[PDB]
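I have placed the structure first, in the form of structure tokens, so that the comments after it can refer back to it.
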DNA sequence: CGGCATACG
DNA sequence: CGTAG
DNA sequence: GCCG
Ligand SMILES: [Mg+2]
Ligand SMILES: [Mg+2]
Ligand code: NA
């Protein structure tokens, strides 16, 4: 088992779902208390379990697995012995965890805002609605649409959304292309938003595109919320039988020179990207982001024509998107 | 022990 | 601060 | 919380 998540295939569905989930609760809780290091270890440990070829049935099968020390091993031990881990259950039940989860789920609310509201004594969505003067415009939208945004989007919904985006993009800039990214590109059948990456085959033609796309979607009556420039975090109106529902959609523009880096980043998973960037810097001495890959010795950027190029330049075996579910 | 990814709105 | 993966 |  390699130590970095970008060195091993991780499928969407696996053989250790219950164990990985328990560890992810502890990761989430660590994030709610600002402990990014502990969050990372519990996430990495969970991801190692997703990468295994069969179920963990005995404690000895953890020996030699990276990111399993005393704490993560104890969690697995208790689950294997009793079907339940007391620490995990205490977190699940806690007022702190439940409220921080509720508040951070709101579009426009992060850990820092959620924590302050918790410390002020706020516990429910209606507590927030009673004091609307304190909310940002973004948080008001997030709270108004919270119910719809809590409901997952299906792949058929995504195909409908892609068509409307493509129409707007075609008017904004003939020849521009729209690529589905995020979890749906990794093979997810459901998800809580939709991500699109937009480019144009002629370098430079994409400059100023996103405002033009947004203005056109606005005029079509499809945009329930947006900020107004290369990333737009929107709430879209999605048709349903006899009605519609609000859906989170992100639109991103990149020049075609940067497209492979943007595609890689926006395809995820989050942990996969963090691990890939960590690997790049710490093992290869190269700096990776969603725009490029920089050699700080030569002071040059690596030209990539494909994701395959990027994996090769980092000395990693290629993983297709459906194996990046770290 | 230091480090933990790296951006844009 | 929020957002993204 | 774990790794190097
Ligand atoms: Mg997504
Ligand atoms: Mg998104
Ligand atoms: Na949030």
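All Cβ positions, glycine included, derive from the backbone under ideal geometry; neighbour counts span all protein chains shown. Where a number appears in this text, it was derived from the coordinates with a stated rule and is not lab data.
If I histogram all Cα-Cα distances within the stretch A:95-151 using bins 10 Å wide from 0, what percent of pairs lands in each bin?
Per 10 Å bin, starting at 0, the Cα pair percentages come out as 25, 63, 12.
If you average the C-alpha positions of the stretch A:159-194 and of the stretch A:258-316 separately, how far apart do those two centres end up, in angstrom?
23 Å
Starting from 0 in steps of 10 Å, tell me what percent of the Cα-Cα pairs of the stretch A:179-226 lands in each bin.
Each 10 Å bin holds this share of Cα pairs: 21, 38, 37, 4.
Please work out whether chain A counts as rounded, prolate or oblate from its C-alpha gyration tensor, where a ≥ b ≥ c are the square roots of the eigenvalues and a/c under 1.5 means rounded, while otherwise a/b larger than b/c means prolate and anything else oblate?
It is oblate, given that a/c is not under 1.5 and a/b is not larger than b/c.
If you stretched the chain out fully between residue A:113 and residue A:54, how much longer would it get, using 0.36 nm times the residue separation minus the C-alpha to C-alpha distance?
17.2 nm
Could you work out the helix-only [θ] at 222 nm for chain A, with each DSSP H run of four or more residues adding -39,500 (n - 2.57) and the total divided by the number of residues, to the nearest 500 deg cm²/dmol?
Mean residue ellipticity, 222 nm, calculated: -14000 deg cm²/dmol.
Run the numbers for residue A:220 and residue A:133: contour at 0.36 nm per residue of separation, minus the present Cα-Cα distance, in nm.
Gain on stretching residue A:220 to residue A:133: 28.3 nm.
Per residue, what volume in Å³ does the Cα convex hull of the stretch A:54-212 take up? Let's see the in-between values first.
Working: hull volume 33.5 nm³, N = 159.
Measuring per residue, one finds 211 Å³ for the Cα hull of the stretch A:54-212.
I need the peptides A:99-109, A:282-292 ranked by packing, meaning the mean over residues of other C-beta atoms within 10 angstrom, with the highest value on top.
A:99-109, A:282-292
Give me the one-decimal nm value for the distance between modelled label points at residue A:190 and residue A:205, 7 Å along each residue's Cα-to-Cβ direction.
Spacing of the two 7 Å Cα→Cβ label points: 4.0 nm.
What is the distance, in nm, between label points placed 7 Å from the Cα along the Cα-to-Cβ direction at residue A:36 and at residue A:309?
Placing both labels 7 Å along Cα→Cβ, they lie 3.1 nm apart.
Zone of residue A:212 (label point 7 Å along Cα→Cβ, backbone N under 15 Å): which residues in the stretch A:155-171?
Zone members listed by number: A:166-171.
How big is the stretch A:163-244 along each principal axis, measuring the range of its Cα positions in Å and listing the largest first?
39, 31, 21
At 0.890 mPa s and 25 °C, plugging the Kirkwood radius over alpha-carbon pairs of the stretch A:157-306 into Stokes-Einstein gives what diffusion coefficient in µm²/s?
It diffuses with D of about 149 µm²/s by this estimate.
Between rounded, prolate and oblate, where does the stretch A:1-94 land on the alpha carbon gyration tensor, with a ≥ b ≥ c its root eigenvalues, rounded for a/c under 1.5, else prolate if a/b exceeds b/c?
The shape class here is oblate.
So, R0 is 51 Å and r is the distance between the beta-carbons of residue A:283 and residue A:160; what FRET efficiency does that work out to, to 0.05?
Here the calculated transfer efficiency is 0.75.
Taking square-rooted eigenvalues a ≥ b ≥ c of the alpha carbon gyration tensor, is the stretch A:247-291 rounded, prolate or oblate, where a/c under 1.5 means rounded and, failing that, a/b exceeding b/c means prolate? Kindly include the intermediate steps, with their values, before the conclusion.
On the way: a/c = 3.80, a/b = 1.54, b/c = 2.47.
Taking the square roots of the gyration eigenvalues as a ≥ b ≥ c, the stretch A:247-291 is oblate.
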